[PDB]
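Raw entry25.csv, CSV, N, CA, C and O atoms:
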```csv
chain,number,residue,atom,x,y,z
A,1,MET,N,10.2,-12.9,15.4
A,1,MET,CA,8.8,-12.7,14.8
A,1,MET,C,8.9,-12.0,13.6
A,1,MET,O,9.8,-11.1,13.4
A,2,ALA,N,8.0,-12.2,12.7
A,2,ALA,CA,7.9,-11.5,11.4
A,2,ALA,C,7.0,-10.3,11.7
A,2,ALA,O,5.8,-10.5,11.8
A,3,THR,N,7.5,-9.1,11.7
A,3,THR,CA,6.7,-7.9,12.0
A,3,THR,C,6.0,-7.6,10.7
A,3,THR,O,6.6,-7.1,9.7
A,4,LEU,N,4.7,-7.8,10.7
A,4,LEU,CA,3.9,-7.6,9.5
A,4,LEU,C,3.1,-6.3,9.6
A,4,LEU,O,3.0,-5.7,10.7
A,5,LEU,N,2.5,-5.9,8.5
A,5,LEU,CA,1.7,-4.7,8.5
A,5,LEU,C,0.3,-5.0,8.8
A,5,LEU,O,-0.3,-6.0,8.3
A,6,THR,N,-0.3,-4.1,9.5
A,6,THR,CA,-1.7,-4.2,9.8
A,6,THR,C,-2.5,-3.2,8.9
A,6,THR,O,-1.9,-2.5,8.1
A,7,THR,N,-3.8,-3.3,9.0
A,7,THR,CA,-4.7,-2.4,8.2
A,7,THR,C,-4.3,-0.9,8.5
A,7,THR,O,-4.1,-0.1,7.6
A,8,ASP,N,-4.1,-0.6,9.8
A,8,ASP,CA,-3.7,0.8,10.2
A,8,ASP,C,-2.4,1.2,9.6
A,8,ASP,O,-2.3,2.4,9.2
A,9,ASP,N,-1.4,0.3,9.7
A,9,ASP,CA,-0.1,0.7,9.2
A,9,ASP,C,-0.1,0.9,7.7
A,9,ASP,O,0.5,1.9,7.2
A,10,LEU,N,-0.9,0.1,7.0
A,10,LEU,CA,-1.1,0.2,5.6
A,10,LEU,C,-1.9,1.5,5.3
A,10,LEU,O,-1.6,2.3,4.4
A,11,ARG,N,-2.9,1.8,6.1
A,11,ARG,CA,-3.8,3.0,6.0
A,11,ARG,C,-2.9,4.2,5.9
A,11,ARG,O,-3.1,5.0,5.0
A,12,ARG,N,-2.1,4.4,6.9
A,12,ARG,CA,-1.2,5.6,7.0
A,12,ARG,C,-0.3,5.7,5.8
A,12,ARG,O,0.1,6.7,5.4
A,13,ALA,N,0.1,4.5,5.3
A,13,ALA,CA,1.0,4.4,4.1
A,13,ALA,C,0.2,5.0,2.9
A,13,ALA,O,0.8,5.7,2.0
A,14,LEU,N,-1.1,4.7,2.8
A,14,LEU,CA,-1.9,5.2,1.7
A,14,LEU,C,-2.1,6.7,2.0
A,14,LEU,O,-2.0,7.5,1.0
A,15,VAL,N,-2.2,7.1,3.2
A,15,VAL,CA,-2.3,8.5,3.6
A,15,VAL,C,-0.9,9.3,3.3
A,15,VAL,O,-0.9,10.5,3.2
A,16,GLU,N,0.1,8.5,3.1
A,16,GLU,CA,1.5,9.1,2.8
A,16,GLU,C,1.4,9.6,1.3
A,16,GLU,O,1.7,10.8,1.1
A,17,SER,N,1.1,8.8,0.4
A,17,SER,CA,1.1,9.2,-1.0
A,17,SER,C,-0.1,10.1,-1.4
A,17,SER,O,-0.1,10.7,-2.4
A,18,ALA,N,-1.0,10.1,-0.5
A,18,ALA,CA,-2.2,11.0,-0.6
A,18,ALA,C,-1.9,12.4,0.0
A,18,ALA,O,-2.6,13.3,-0.2
A,19,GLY,N,-0.8,12.4,0.7
A,19,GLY,CA,-0.4,13.6,1.4
A,19,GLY,C,0.5,14.5,0.5
A,19,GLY,O,1.7,14.5,0.7
A,20,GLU,N,-0.1,15.1,-0.4
A,20,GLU,CA,0.6,16.0,-1.3
A,20,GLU,C,-0.2,17.4,-1.3
A,20,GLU,O,0.1,18.3,-2.0
A,21,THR,N,-1.2,17.4,-0.3
A,21,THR,CA,-2.1,18.6,-0.1
A,21,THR,C,-2.9,18.9,-1.4
A,21,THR,O,-2.7,19.9,-2.1
A,22,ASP,N,-3.8,17.9,-1.8
A,22,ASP,CA,-4.6,18.1,-3.0
A,22,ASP,C,-6.1,17.8,-2.7
A,22,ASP,O,-6.9,18.6,-2.8
A,23,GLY,N,-6.3,16.5,-2.3
A,23,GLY,CA,-7.6,16.1,-2.1
A,23,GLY,C,-7.8,14.8,-2.9
A,23,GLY,O,-6.8,14.2,-3.3
A,24,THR,N,-9.0,14.4,-3.0
A,24,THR,CA,-9.4,13.2,-3.8
A,24,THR,C,-8.7,11.9,-3.2
A,24,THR,O,-8.2,11.1,-4.0
A,25,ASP,N,-8.6,11.8,-1.9
A,25,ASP,CA,-7.9,10.6,-1.4
A,25,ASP,C,-8.9,9.8,-0.6
A,25,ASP,O,-10.1,10.1,-0.4
A,26,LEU,N,-8.4,8.7,-0.1
A,26,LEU,CA,-9.2,7.7,0.7
A,26,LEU,C,-9.4,8.1,2.1
A,26,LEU,O,-10.6,8.4,2.4
A,27,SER,N,-8.4,8.2,2.9
A,27,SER,CA,-8.5,8.5,4.4
A,27,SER,C,-9.6,7.8,5.1
A,27,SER,O,-10.7,8.2,5.2
A,28,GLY,N,-9.2,6.7,5.7
A,28,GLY,CA,-10.1,5.8,6.5
A,28,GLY,C,-10.2,4.4,6.0
A,28,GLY,O,-9.2,3.7,6.0
A,29,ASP,N,-11.3,4.0,5.5
A,29,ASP,CA,-11.5,2.6,5.0
A,29,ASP,C,-11.3,2.6,3.5
A,29,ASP,O,-11.7,3.5,2.7
A,30,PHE,N,-10.6,1.6,3.0
A,30,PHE,CA,-10.1,1.6,1.6
A,30,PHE,C,-9.7,0.1,1.2
A,30,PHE,O,-9.7,-0.2,0.1
A,31,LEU,N,-9.3,-0.6,2.3
A,31,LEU,CA,-8.7,-2.0,2.2
A,31,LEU,C,-9.4,-2.9,1.2
A,31,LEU,O,-8.7,-3.7,0.5
A,32,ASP,N,-10.7,-2.9,1.1
A,32,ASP,CA,-11.4,-3.8,0.2
A,32,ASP,C,-11.8,-3.2,-1.1
A,32,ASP,O,-12.3,-3.9,-2.0
A,33,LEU,N,-11.5,-2.0,-1.3
A,33,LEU,CA,-11.9,-1.2,-2.5
A,33,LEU,C,-10.7,-1.4,-3.5
A,33,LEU,O,-9.6,-1.8,-3.1
A,34,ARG,N,-11.0,-1.1,-4.7
A,34,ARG,CA,-9.9,-1.1,-5.7
A,34,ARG,C,-9.1,0.2,-5.6
A,34,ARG,O,-9.7,1.2,-5.2
A,35,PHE,N,-7.8,0.1,-5.9
A,35,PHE,CA,-7.0,1.3,-5.9
A,35,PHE,C,-7.6,2.3,-6.9
A,35,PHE,O,-7.7,3.5,-6.6
A,36,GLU,N,-8.0,1.8,-8.0
A,36,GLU,CA,-8.7,2.6,-9.0
A,36,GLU,C,-9.9,3.3,-8.4
A,36,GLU,O,-10.1,4.5,-8.8
A,37,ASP,N,-10.5,2.7,-7.5
A,37,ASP,CA,-11.8,3.3,-7.0
A,37,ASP,C,-11.5,4.3,-5.9
A,37,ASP,O,-12.2,5.2,-5.6
A,38,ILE,N,-10.3,4.2,-5.3
A,38,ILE,CA,-9.9,5.1,-4.2
A,38,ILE,C,-9.0,6.2,-4.7
A,38,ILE,O,-8.4,6.9,-3.9
A,39,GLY,N,-9.0,6.4,-6.0
A,39,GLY,CA,-8.2,7.5,-6.6
A,39,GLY,C,-6.7,7.2,-6.7
A,39,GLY,O,-5.9,8.1,-6.8
A,40,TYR,N,-6.4,5.9,-6.7
A,40,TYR,CA,-5.0,5.5,-6.8
A,40,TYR,C,-4.6,5.0,-8.1
A,40,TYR,O,-5.0,3.9,-8.6
A,41,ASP,N,-3.9,5.8,-8.8
A,41,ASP,CA,-3.4,5.6,-10.1
A,41,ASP,C,-2.0,4.9,-9.9
A,41,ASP,O,-1.5,4.7,-8.8
A,42,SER,N,-1.3,4.6,-11.0
A,42,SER,CA,0.0,4.0,-11.0
A,42,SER,C,1.1,4.8,-10.1
A,42,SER,O,1.8,4.2,-9.4
A,43,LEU,N,1.1,6.1,-10.2
A,43,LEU,CA,2.0,6.9,-9.5
A,43,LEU,C,1.7,6.9,-8.1
A,43,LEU,O,2.5,6.8,-7.2
A,44,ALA,N,0.4,7.1,-7.8
A,44,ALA,CA,0.0,7.2,-6.4
A,44,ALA,C,0.2,5.8,-5.7
A,44,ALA,O,0.8,5.9,-4.6
A,45,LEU,N,-0.1,4.7,-6.3
A,45,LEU,CA,0.0,3.4,-5.7
A,45,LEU,C,1.5,3.1,-5.4
A,45,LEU,O,1.9,2.6,-4.3
A,46,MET,N,2.4,3.4,-6.4
A,46,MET,CA,3.8,3.1,-6.3
A,46,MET,C,4.4,3.9,-5.2
A,46,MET,O,5.4,3.5,-4.6
A,47,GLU,N,3.9,5.1,-5.0
A,47,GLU,CA,4.4,6.0,-3.9
A,47,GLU,C,4.1,5.4,-2.6
A,47,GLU,O,5.0,5.4,-1.7
A,48,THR,N,2.9,4.8,-2.4
A,48,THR,CA,2.6,4.0,-1.2
A,48,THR,C,3.6,2.9,-1.0
A,48,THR,O,4.2,2.7,0.1
A,49,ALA,N,3.7,2.1,-2.1
A,49,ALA,CA,4.6,0.9,-2.1
A,49,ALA,C,6.0,1.3,-1.7
A,49,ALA,O,6.5,0.8,-0.8
A,50,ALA,N,6.5,2.3,-2.4
A,50,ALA,CA,7.9,2.8,-2.2
A,50,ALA,C,8.1,3.3,-0.8
A,50,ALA,O,9.2,3.1,-0.2
A,51,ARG,N,7.1,3.9,-0.2
A,51,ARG,CA,7.2,4.3,1.2
A,51,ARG,C,7.4,3.1,2.1
A,51,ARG,O,8.3,3.1,3.0
A,52,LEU,N,6.6,2.1,1.9
A,52,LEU,CA,6.6,0.9,2.7
A,52,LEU,C,7.9,0.1,2.4
A,52,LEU,O,8.6,-0.3,3.4
A,53,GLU,N,8.2,-0.1,1.1
A,53,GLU,CA,9.4,-0.9,0.7
A,53,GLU,C,10.6,-0.5,1.3
A,53,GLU,O,11.3,-1.2,2.0
A,54,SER,N,10.9,0.8,1.1
A,54,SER,CA,12.2,1.4,1.5
A,54,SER,C,12.4,1.4,3.0
A,54,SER,O,13.4,1.2,3.5
A,55,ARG,N,11.3,1.6,3.7
A,55,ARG,CA,11.3,1.7,5.2
A,55,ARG,C,11.6,0.3,5.8
A,55,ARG,O,12.5,0.2,6.7
A,56,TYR,N,10.9,-0.7,5.3
A,56,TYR,CA,11.0,-2.0,5.9
A,56,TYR,C,12.1,-2.9,5.3
A,56,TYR,O,12.4,-4.0,5.8
A,57,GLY,N,12.6,-2.4,4.2
A,57,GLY,CA,13.7,-3.1,3.5
A,57,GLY,C,13.2,-4.2,2.6
A,57,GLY,O,13.7,-5.4,2.7
A,58,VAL,N,12.3,-3.9,1.7
A,58,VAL,CA,11.9,-4.8,0.7
A,58,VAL,C,11.8,-4.1,-0.7
A,58,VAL,O,12.0,-2.9,-0.8
A,59,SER,N,11.4,-4.9,-1.7
A,59,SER,CA,11.2,-4.4,-3.0
A,59,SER,C,10.1,-5.2,-3.7
A,59,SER,O,10.1,-6.4,-3.7
A,60,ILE,N,9.1,-4.5,-4.2
A,60,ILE,CA,8.0,-5.1,-4.9
A,60,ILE,C,8.2,-5.0,-6.4
A,60,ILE,O,8.7,-4.0,-6.9
A,61,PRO,N,7.9,-6.1,-7.1
A,61,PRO,CA,7.9,-6.1,-8.6
A,61,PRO,C,7.0,-5.1,-9.1
A,61,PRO,O,5.8,-5.1,-8.7
A,62,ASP,N,7.4,-4.3,-10.0
A,62,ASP,CA,6.6,-3.2,-10.6
A,62,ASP,C,5.4,-3.7,-11.3
A,62,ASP,O,4.3,-3.1,-11.3
A,63,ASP,N,5.5,-4.9,-11.9
A,63,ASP,CA,4.4,-5.6,-12.6
A,63,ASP,C,3.4,-6.0,-11.6
A,63,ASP,O,2.2,-6.0,-11.8
A,64,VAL,N,3.9,-6.5,-10.5
A,64,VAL,CA,3.0,-7.1,-9.4
A,64,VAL,C,2.3,-5.9,-8.7
A,64,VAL,O,1.2,-6.1,-8.1
A,65,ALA,N,2.9,-4.7,-8.7
A,65,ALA,CA,2.3,-3.5,-8.1
A,65,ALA,C,1.1,-3.2,-8.9
A,65,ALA,O,0.2,-2.5,-8.5
A,66,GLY,N,1.1,-3.6,-10.2
A,66,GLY,CA,-0.1,-3.4,-11.0
A,66,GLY,C,-0.9,-4.7,-11.1
A,66,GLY,O,-1.9,-4.8,-11.9
A,67,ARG,N,-0.6,-5.7,-10.3
A,67,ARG,CA,-1.4,-6.9,-10.2
A,67,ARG,C,-2.2,-6.9,-8.9
A,67,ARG,O,-3.1,-7.8,-8.7
A,68,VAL,N,-1.8,-6.0,-8.0
A,68,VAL,CA,-2.6,-5.9,-6.8
A,68,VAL,C,-3.7,-4.9,-7.0
A,68,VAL,O,-3.6,-3.8,-7.4
A,69,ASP,N,-4.9,-5.4,-7.0
A,69,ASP,CA,-6.1,-4.6,-7.2
A,69,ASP,C,-6.8,-4.1,-6.0
A,69,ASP,O,-7.5,-3.1,-6.1
A,70,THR,N,-6.5,-4.7,-4.9
A,70,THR,CA,-7.0,-4.2,-3.6
A,70,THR,C,-5.9,-4.0,-2.6
A,70,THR,O,-4.9,-4.8,-2.7
A,71,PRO,N,-6.0,-3.0,-1.8
A,71,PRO,CA,-5.0,-2.8,-0.7
A,71,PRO,C,-4.8,-4.0,0.2
A,71,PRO,O,-3.8,-4.2,0.7
A,72,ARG,N,-5.9,-4.7,0.3
A,72,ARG,CA,-5.9,-6.0,1.1
A,72,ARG,C,-4.9,-6.9,0.5
A,72,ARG,O,-4.0,-7.4,1.2
A,73,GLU,N,-4.9,-7.1,-0.8
A,73,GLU,CA,-4.0,-7.9,-1.6
A,73,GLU,C,-2.6,-7.3,-1.6
A,73,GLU,O,-1.6,-8.1,-1.5
A,74,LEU,N,-2.5,-6.0,-1.6
A,74,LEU,CA,-1.2,-5.3,-1.6
A,74,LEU,C,-0.5,-5.5,-0.2
A,74,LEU,O,0.7,-5.7,-0.1
A,75,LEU,N,-1.4,-5.4,0.8
A,75,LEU,CA,-1.0,-5.7,2.2
A,75,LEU,C,-0.3,-7.0,2.3
A,75,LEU,O,0.8,-7.1,2.8
A,76,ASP,N,-0.9,-8.0,1.8
A,76,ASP,CA,-0.4,-9.4,1.9
A,76,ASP,C,0.9,-9.5,1.1
A,76,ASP,O,1.8,-10.3,1.4
A,77,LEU,N,0.9,-8.8,0.0
A,77,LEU,CA,2.1,-8.8,-0.9
A,77,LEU,C,3.3,-8.3,-0.1
A,77,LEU,O,4.4,-8.9,-0.3
A,78,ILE,N,3.1,-7.3,0.7
A,78,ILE,CA,4.2,-6.8,1.5
A,78,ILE,C,4.4,-7.7,2.7
A,78,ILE,O,5.6,-7.9,3.0
A,79,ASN,N,3.4,-8.2,3.3
A,79,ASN,CA,3.5,-9.1,4.4
A,79,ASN,C,4.2,-10.3,4.1
A,79,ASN,O,5.0,-10.9,4.9
A,80,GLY,N,4.0,-10.8,2.9
A,80,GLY,CA,4.8,-12.0,2.4
A,80,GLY,C,6.2,-11.7,2.3
A,80,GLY,O,7.1,-12.5,2.6
A,81,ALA,N,6.5,-10.5,1.9
A,81,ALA,CA,7.9,-10.0,1.8
A,81,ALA,C,8.5,-9.7,3.2
A,81,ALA,O,9.7,-10.1,3.4
A,82,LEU,N,7.7,-9.2,4.1
A,82,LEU,CA,8.1,-8.9,5.4
A,82,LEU,C,8.6,-10.1,6.2
A,82,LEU,O,9.4,-10.0,7.1
A,83,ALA,N,7.9,-11.2,6.0
A,83,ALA,CA,8.3,-12.5,6.6
A,83,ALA,C,9.8,-12.9,6.3
A,83,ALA,O,10.5,-13.5,7.1
A,84,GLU,N,10.2,-12.4,5.2
A,84,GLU,CA,11.5,-12.6,4.7
A,84,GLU,C,12.3,-11.3,4.7
A,84,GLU,O,13.4,-11.2,4.0
A,85,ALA,N,11.9,-10.4,5.4
A,85,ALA,CA,12.6,-9.1,5.5
A,85,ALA,C,13.3,-8.9,6.8
A,85,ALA,O,13.5,-10.0,7.5
A,86,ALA,N,13.7,-7.7,7.2
A,86,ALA,CA,14.4,-7.5,8.4
A,86,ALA,C,13.7,-6.5,9.3
A,86,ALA,O,14.0,-5.3,9.3
```
Give the structure from the file, written as structure tokens.
Amino acid sequence: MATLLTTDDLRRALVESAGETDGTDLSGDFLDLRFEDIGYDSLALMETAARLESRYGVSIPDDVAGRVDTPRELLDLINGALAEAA
């Protein structure tokens, strides 16, 4: 089976890059919102991505990380990779 990410799994991943002890983070519902709207800048989003990528054994195109406007869309981007991952 292709072990894919759920909203919850992605949620905690967002909570990873938000976990720098600062504030201004999403925590909870975020999936349908823009990264921009949830306080997710280029560094913050890539940190989420890198957390997921490296753990599950994938790699996301840096340009496409900036092409994902919603976590929903980012989720699918990784899930598409996960089907072809390990």
Within 8 Å of residue 13 (chain A) using only N, CA, C and O atoms, minus same-chain residues under 6 positions, as a PyMOL selection string: chain A and resi 6-7+19+44-45+47-52
Would you list the contacts of residue 46 (chain A) as a list in words, taking every protein, DNA or RNA residue within 9 Å and counting only C-alpha atoms, but skipping same-chain residues closer than 5 positions in sequence?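 These residues fall inside the cut-off: residues 17, 41, 51, 62, 65 and 66 of chain A.
With distances restricted to only C-alpha atoms, A:40 is the closest residue to residue 25 (chain A) from A:54, A:67, A:40, A:12.
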Report, in Å with one decimal, the straight-line distance from atom C of residue 34 (chain A) to atom C of residue 69 (chain A). 4.9 Å
